[PDB]
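Q: This one is an experimental structure. Sequence first:
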Amino acid sequence: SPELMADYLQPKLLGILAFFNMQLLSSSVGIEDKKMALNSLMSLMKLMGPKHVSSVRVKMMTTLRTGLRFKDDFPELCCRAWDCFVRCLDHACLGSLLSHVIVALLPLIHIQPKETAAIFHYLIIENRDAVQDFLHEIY
């Protein structure tokens, strides 16, 4: 079952993602391989769906922020993948990510002008009534 596979994935939970995060951290692992691992994370995020990642997805997002920090050649493609992972992710507390989500976004906006704008517009539409709860905080 895809759901049965998801349950096996659930047991690894954040820790399987963390092991990947350690692999991304290691100097020896290839930058392209790390991008592939990030793609693997994006596929996993879609497989969990928004509900499955839950609190763990926010921990994964912190891991994602570390992945965002080392981007180089990998990043313009990677940022699009990260947004796709976010789209697979339930918006959940999009307001809770708030500025911190924006701060990752602001570096991203510099790396590619088009990608950041597309992510922001999608985020603004997704937040809806929830959107702008932290907007005053993100002056």
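A: Received the coordinates, thanks. Numbering: from 1, shown residues only.

Q: can you pull the contacts of the closest residue to residue 94 other than its chain neighbours?
A: Ranked by CB to CB, 6 or more residues apart in numbering and with sequence neighbours excluded, the top spatial neighbour of residue 94 is residue 127, at 4.8 Å. C-beta: built from backbone N, CA, C; applies to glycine. With contacts defined as CB atoms under 8 Å, 6 or more residues apart in numbering, residue 127 is in contact with 91, 94, 95, 133.

Q: again with residue 126
A: 91, 94.

Q: Tell me which helix or strand it sits in.
A: helix 113-127 (DSSP states H and E).

Q: buried residues in that helix?
A: Residues of helix 113-127 classed as buried by neighbour count (16 or more other CB atoms under 10 Å): 115, 116, 119, 120, 123, 127.

Q: now do stretch 93-108
A: 94, 95, 97, 98, 101, 102, 104, 105, 108.

Q: Show me which pair in these is furthest apart.
A: 95 and 108 (19.1 Å; CB to CB).

Q: Do you have the strands of this structure handy? List them.
A: For the chain, applying DSSP state E gives no strands.

Q: which residues in it form helices?
A: 2-25, 31-69, 75-88, 94-111, 113-127 (DSSP state H).

Q: Select, out of those, the one closest to residue 139.
A: Short answer: helix 94-111, nearest of the helices of the chain by CB to CB, at 8.8 Å.

Q: Run through the neighbouring helices and strands of the closest one.
A: helix 31-69, helix 75-88, helix 113-127 (3 or more CB pairs under 8 Å, 6 or more residues apart in numbering; DSSP states H and E).

Q: Include distance to residue 2 when you put those helices into TSV, please.
A: TSV is the format used below for the helices and strands packed on helix 94-111 (distance: least, CB to CB, whole Å):
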stretch	distance to residue 2
helix 31-69	7
helix 75-88	14
helix 113-127	24
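
Q: Ranking those helices by mean neighbour count, which comes first?
A: helix 75-88 (a mean of 20; mean count of other CB atoms under 10 Å).
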